[PDB]
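By convention in this document, chain letters (A, B, ...) are assigned in the order of the sequence lines, proteins followed by strands, and residues within each chain are numbered from 1. Below, all heavy atoms of this structure are taken into account, side chains as well, without hydrogens, waters or symmetry copies.
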Amino acid sequence: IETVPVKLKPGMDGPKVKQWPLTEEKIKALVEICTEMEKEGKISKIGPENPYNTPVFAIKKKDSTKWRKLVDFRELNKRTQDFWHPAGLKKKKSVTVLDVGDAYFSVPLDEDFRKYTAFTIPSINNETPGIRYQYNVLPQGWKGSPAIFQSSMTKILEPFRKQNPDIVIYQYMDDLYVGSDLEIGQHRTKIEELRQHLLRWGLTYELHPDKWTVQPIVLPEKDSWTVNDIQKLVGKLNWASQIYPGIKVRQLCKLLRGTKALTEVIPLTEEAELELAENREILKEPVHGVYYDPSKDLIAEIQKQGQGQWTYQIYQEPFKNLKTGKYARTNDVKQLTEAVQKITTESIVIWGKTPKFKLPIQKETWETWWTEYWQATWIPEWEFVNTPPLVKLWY
Amino acid sequence: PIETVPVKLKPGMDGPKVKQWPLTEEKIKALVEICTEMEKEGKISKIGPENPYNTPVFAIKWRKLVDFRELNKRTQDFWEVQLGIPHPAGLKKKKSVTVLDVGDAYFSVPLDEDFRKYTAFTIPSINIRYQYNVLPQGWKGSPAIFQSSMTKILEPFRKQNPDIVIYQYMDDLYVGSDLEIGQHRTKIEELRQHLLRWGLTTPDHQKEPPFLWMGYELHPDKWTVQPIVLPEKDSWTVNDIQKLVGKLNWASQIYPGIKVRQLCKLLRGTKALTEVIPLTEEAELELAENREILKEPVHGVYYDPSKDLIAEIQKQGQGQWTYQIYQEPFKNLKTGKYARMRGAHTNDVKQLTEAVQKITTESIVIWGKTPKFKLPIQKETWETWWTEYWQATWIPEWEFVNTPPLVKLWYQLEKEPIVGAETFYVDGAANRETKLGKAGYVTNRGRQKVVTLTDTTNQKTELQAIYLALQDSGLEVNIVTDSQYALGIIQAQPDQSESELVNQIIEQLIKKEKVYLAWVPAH
Ligand SMILES: CC(C)c1nc(COC(N)=O)n(Cc2ccncc2)c1Sc1cc(Cl)cc(Cl)c1
């Protein structure tokens, strides 16, 4: 076969990323998987003249006792020559996703480029050099594998959509998003068939988009208000006034006049009940003028709410959320990890991009356990925050 | 006997051309004699007017020396050799360990034919140009290629014999097994045999233990640290003191007793790197107490994959935590300390949790598994803070150990205002030139108080107001503040801070039975 010539953005060089430590277990699994992949020529041990390196991990997708090898090409992707999103699935009623990484394994990778896909199987306590490899084909998790297979990807999708643009399918890297606004049981059935429409070329639970929303901010409803109650209302409303400047709190603060006990009930005045109600009206809808902007980064913040409860916001301009939601019940970590996935998925669905996460956890903790419950095929960018969410009761 | 490995120069670099250092006759002749034997062995070869570059040569004393630094500045980069430390305590203890010599196997590896041209050197007229055909000595890419080549050779053997451990370091091969001397010996010979078949003749001087290795001393049943010594000086500059503190911190990792506070005070207000500083008496003591602590070398046993890994943590000083990793009571594999301070405001449980994390990562790196922890913290305690803390934490299976001091929650702020408790609306502000530090409060019951200050910020006055509130109230209080600074600080529920007011407040908060703190926007 002939290879598609790839290049690094003119002025770039390969990645030299550190490989986080793994348990013996993950090492053992990794080494099995690799020589077999070697046996098949996908990868072939490499030498020391190759200075590059990309992290690799070992995940075991549940409901099987079989390990899968995940490679972190995030960095590679950031530097592969700039290579050159169907709204409607975010609309469909039930969506499905499939893994088409395999397809790539049948495509020779450009000679001069394999060198950049070098990765290392680590050794416990570094008593062994470390098992080095490189890809000879199209690697899973690399932005360049979809872009190069594109030519043959659509060229294999026609026999289901040339004159069948009823249902919808989107492809994000190794991902296949099949959205069909059809019947529940009559869903699995239309995809289980695409599962057999690509297989003719080699590669041998649902999502509910339309049922999402950038949830509203809600003020409490009460028969009686206390000093504290009002102090909190004003607080939450103040915050909310940066998103919606029409919000007013003069009348309420009037109530906070004097120095009464925190637990004391303060009757609401007519001027105060009116303001609250106008405030309730402003908030009934998501702030105007908030649209997605491709030139911007999608950012997601998560806050732990206790009781296996985790709230999150996706936004590009702080306090201009494009979406909000909650994940719910196991431990903090497993939950935090499942949440990042759920969130990343919707993100890929709505905007076809993964967001940069701000994770409320110590870094070393995450790095050690995230692979424990990771089932996705991609890895989003993430950073770790150490500052308490002062807006954990407002957001 | 092994596929030469392709090599190239950095992006658009040229070979060396540094003129030849005209040497003397006694010198020229010696090299002439050395090149002759290496030539008749392959290692080098004459070249001629052809080749352009030139690396100068030297004849150390009668030993050939090629200054390659200027060709290593123009050669590609190689996959680093020392990937990882490693720690002596991860090493599995075998019954027998043999060490094999490689040595001359140095010139025993071929250099890429298209790179060679660049290894050209010149031998002056006795009264001769060459080039290497083998990993020259002094070439940036030779160690990497050597080890790698060596790895490839062993790969097979390591296969047909997994129960054997082989550590390749420099010019030696440390092979350990758990077989019986009869079997061990035989295997070795096979290895010797295999090694021969690739041109790695193994001499049939026997280096014995302790093996000196990267600051370590390896004995049969244990490992020790090479003695750590500090400089002997009458006059200490700022430079000296900084490097000293440097070494100390580093060494404090295994010598938890080490302190640097008094020696680092010495760095205060220092005008110059050469400025000499009289050592404080509290600094002299500390320097002496460290010299001593460092007289008793750190040591531990080797790894027994047959037993379990147990880690024990202890609350030493302030922010200081010691820990031991053992398999059998007090028979330490490794010991250390953890004392980082991740942020300005914190408390003991978060810190114990961080320490727990560190040891886990280290374990995973050293032994490939996490250990069983014995921690000085009740289940009740860690569980209350866990589900109360804003970050996601991962606790491992652990066993309690009532060995004081115990880690505990010194307090918890109420979640709802306290009914019937006096409500204090506190406040404070000042003068920017210099303080009109008037901090005080007013309560629903009419009690009121204002206190003036000196030399304090604007937020300090907010903190004061809360302190005043706290100190002047019953055991149960409600405090309303407009300070985000104060709120933030306190809401975190730290049990200690580098501040004195924050600290005073904390002890106050600890004394109380109930405390609800509320924030209201600053009008
Ligand atoms: C077979 C190899 C992997 C090995 N395993 C043990 C672990 O020790 C035991 N007991 O096997 N030892 C130490 C040793 C020292 C003296 N006598 C015997 C062994 C060694 S030798 C060694 C030598 C150096 Cl320079 C560096 C390292 Cl990391 C190890």
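Residue B/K8 qualifies as open at atom NZ: its count of foreign heavy atoms under 6.0 Å is 12 or below. Applying the 6.0 Å contact sphere to CZ of B/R342 captures more than 12 heavy atoms from other residues, nucleotides or ligands. Heavy atoms of other residues, nucleotides or ligands lying less than 6.0 angstrom from CG of B/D304 number more than 12. At most 12 non-hydrogen atoms from other residues, nucleotides or ligands lie less than 6.0 angstrom from NZ of A/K60. In this structure, A/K45 places its NZ atom where more than 12 heavy-atom neighbours from other residues, nucleotides or ligands lie under 6.0 Å away. Annotation for A/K18: atom NZ does not count as buried by contact number, only 12 or fewer foreign heavy atoms lying within 6.0 Å. Other residues, nucleotides and ligands contribute over 12 non-hydrogen atoms within 6.0 Å of the NZ atom of B/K140. Annotation for A/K248: atom NZ does not count as buried by contact number, only 12 or fewer foreign heavy atoms lying within 6.0 Å.
For chain B, no part of A/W366 is nearby; none of its heavy atoms comes within less than 4.5 Å. Residue B/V356: no heavy atom, backbone or side chain, is found under 4.5 Å from chain A. Heavy-atom distances place the backbone of B/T443, and not its side chain, under 4.5 Å from chain A. Neither the backbone nor the side chain of A/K334 has a heavy atom closer than 4.5 Å to any heavy atom of chain B. Neither the backbone nor the side chain of A/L256 comes within less than 4.5 Å of any heavy atom in chain B. At a 4.5 Å heavy-atom cutoff, the contact between A/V385 and chain B is made by backbone and side-chain atoms alike. Of the two parts of B/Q147, only the side chain, counted from C-beta on, holds a non-hydrogen atom closer than 4.5 Å to a non-hydrogen atom of chain A. Only the side chain of B/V480 comes within less than 4.5 Å of a heavy atom in chain A; its backbone stays farther off. Heavy atoms of B/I395 lying under 4.5 Å from chain A are absent altogether. With a 4.5 Å cut-off on non-hydrogen atoms, A/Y52 touches chain B through its backbone but not through its side chain. When heavy atoms are compared at a cutoff of 4.5 Å, B/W367 approaches chain A solely by way of its backbone atoms N, CA, C and O.
B/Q391 and A/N386 share a side-chain donor-acceptor pair at under 3.5 Å. Counting only N and O atoms by type, the side chains of B/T361 and A/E364 include no donor and acceptor under 3.5 Å apart.
Note: B/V419 leads B/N478, B/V419, B/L487 in heavy-atom pairs under 4.5 Å with chain A. With chain A as partner, the option from B/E388, B/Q168, B/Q357 having the largest number of non-hydrogen pairs under 4.5 angstrom is B/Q357. Counting heavy-atom pairs closer than 4.5 Å to chain B, the top-ranked of the candidates A/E49, A/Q335, A/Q303 is A/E49. Between chain A and the options B/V520, B/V7, B/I366, heavy-atom pairs under 4.5 Å are most frequent for B/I366. Listed options A/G47, A/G258, A/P48, A/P51 were ranked by heavy-atom pairs under 4.5 angstrom with chain B; first place goes to A/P48. Across B/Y169, B/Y516, B/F424, the residue that shares the most heavy-atom pairs under 4.5 angstrom with chain A is B/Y516. Ranked by heavy-atom pairs under 4.5 Å with chain B, the first of A/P389, A/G235, A/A118 is A/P389. Note on B/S149, B/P6, B/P11: by heavy-atom pairs under 4.5 Å with chain A, the leading option is B/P6.
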Can you list the steps and then say if A/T259 with B/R445 is a side chain to side chain contact (heavy atoms under 4.5 Å, CB included)?
CA-CA 9 Å; A/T259 62; B/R445 293 183 191 171; over 6 Å; no
Start with the C-alpha distance between B/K369 and A/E25, add both sets of side-chain angles, then the distance that settles salt bridge (charged side-chain N to carboxylate O under 4.0 Å, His left out), and finish with yes or no.
CA-CA 9 Å; B/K369 55 149 74 178; A/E25 186 149 37; over 6 Å; no
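Contact check for B/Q82 versus A/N126: no side-chain heavy atoms found under the 4.5 Å cut-off. In this structure, the side chains of B/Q484 and A/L390 stay at 4.5 Å or more apart for every pair of heavy atoms. In this structure the side chain of B/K92 reaches within 4.5 angstrom of the side chain of A/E127, judged on heavy atoms. Side-chain contact between A/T368 and B/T360 is present, with heavy atoms from C-beta onward closer than 4.5 Å.
Of all heavy-atom pairs between A/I361 and B/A392, the closest is CG1-O, 3.3 Å. The two residues B/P417 and A/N228 make their nearest non-hydrogen contact at CD-OD1, 3.7 Å. B/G368 and A/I124 get closest at one heavy-atom pair: N-CG2, 3.8 Å. A/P129 and B/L83 make their closest contact through O-CD1, 3.0 Å (heavy atoms, listed as atom of the first residue, atom of the second, distance).
Rounded to the nearest 0.5 angstrom, B/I364 CD1 and A/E367 CD are separated by 11.5 Å. If you take CH2 on B/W390 and OG1 on A/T387, they are separated by 6.5 Å, rounding to the nearest 0.5 Å. The OG1 atom of B/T151 lies 11.0 Å from the CD1 atom of A/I131; values are rounded to the nearest 0.5 Å. With values rounded to the nearest 0.5 angstrom, A/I46 atom CD1 is found 8.5 Å from B/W79 atom CH2.
Checking side-chain atoms of A/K304 against main-chain N and O of B/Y389 turns up a donor-acceptor pair under 3.5 Å. Although no hydrogens or angles enter the test, the distance criterion places a donor-acceptor pair under 3.5 Å between the side chain of B/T423 and the main chain of A/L262. In this structure, the side chain of A/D332 engages the main chain of B/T393 through a donor-acceptor pair within 3.5 Å. Proximity of a side-chain donor or acceptor of A/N125 to a complementary backbone N or O of B/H87 within less than 3.5 Å is detected. For B/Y425 (side chain) and A/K260 (main-chain N/O), a donor-acceptor pair under 3.5 Å exists by modelled atom type.
Ring centroids of B/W519 and A/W239 are separated by 6.0 Å or more, keeping the two rings apart.
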